[PDB]
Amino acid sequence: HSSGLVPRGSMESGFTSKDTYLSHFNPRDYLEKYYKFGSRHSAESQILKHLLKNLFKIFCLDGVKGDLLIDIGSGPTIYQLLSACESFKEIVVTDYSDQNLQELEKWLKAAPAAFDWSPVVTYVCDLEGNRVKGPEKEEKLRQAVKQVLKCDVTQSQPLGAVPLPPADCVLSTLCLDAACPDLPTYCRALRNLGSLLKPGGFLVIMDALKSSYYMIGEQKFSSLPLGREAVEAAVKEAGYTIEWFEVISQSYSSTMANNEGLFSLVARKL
């Protein structure tokens, strides 16, 4: 190990190897650190609230809706699906980490040991006009998630041989920066994601800007430090047209990530 001198699993290649996500990425430590939502005025909670409003705006105010949505790099989180659940009949959650998928399946089973998303759920229910309350919202999402799949964005077939309909939308929050060691892999990963999408289908990405790493407690993982111009260039080259692109100044605490804000985009496959 490098003891923080360099991200974990990065000493040789310069970027966290994916094996590291099967060894040192602890979903409970990640959820505890980033999605606790116990104090709203934290840097973490401020970021999450902005992500939720955008996902709410994308799926419930805009037209982004359809039959199948595939979430790419879900990790152990479900916040990114609460609003999409209202406009998509079927949701497929995917990640590279088996530990993350296990943590997800625990929440889908509503196991008592699963993570408590209750305050995040309540926030989304208030965004959507309080038509329902927390427990009813959670159950609607639990029924929408039809598949929990292994995923690798660096592969031509990110979901392997699992057959799926062409999706109406592909969603990916906070994953591509962590998964792609360079800009060519990033652009190819966006092309790989397009293999799951209908022509003219929607692509929704939210990720950090200009971040070289993120922390889970004392564990450092690599992130690809993209600027807005680089993201825009990679999205267009991968075969999409951008519908809207938003950049926010809000950052994670320097103790958790070295990002300079976040971006949010909706694109369509040309």
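For clarity, a rigid core is taken as the largest C-alpha set superposing within 1.5 Å between two forms. The first residue of the sequence shown is number 1, and the count goes up from there.
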Should one compare 55-63 and 40-48 by root mean square Cα distance from the shown form in 5 other deposited structures of this protein, core superposed, the larger belongs to 40-48
Per the record, averaged over C-alpha atoms, which has the higher B-factor: 248-256 or 7-15? 248-256
Should the higher mean CA B-factor in the entry be assigned to 73-81 or to 109-117? 109-117
Tell me which of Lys89, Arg188, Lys150, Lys140 tops the list for C-alpha B factor in the record. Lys89
Split into thirds by Cα B-factor across the chain's modelled residues, where does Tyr214 land: lowest, middle or highest? lowest
When the modelled residues of the chain are sorted by Cα temperature factor, does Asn192 land in the lowest, middle or highest third? middle
Sorting by Cα B-factor within the chain, modelled residues only, which third would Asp126 end up in: lowest, middle or highest? highest
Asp62, C-alpha B-factor rank within chain (lowest, middle or highest third): highest
Quick check for you: using the entry's CA B-factors within this chain, is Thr154 in the lowest, middle or highest third? middle
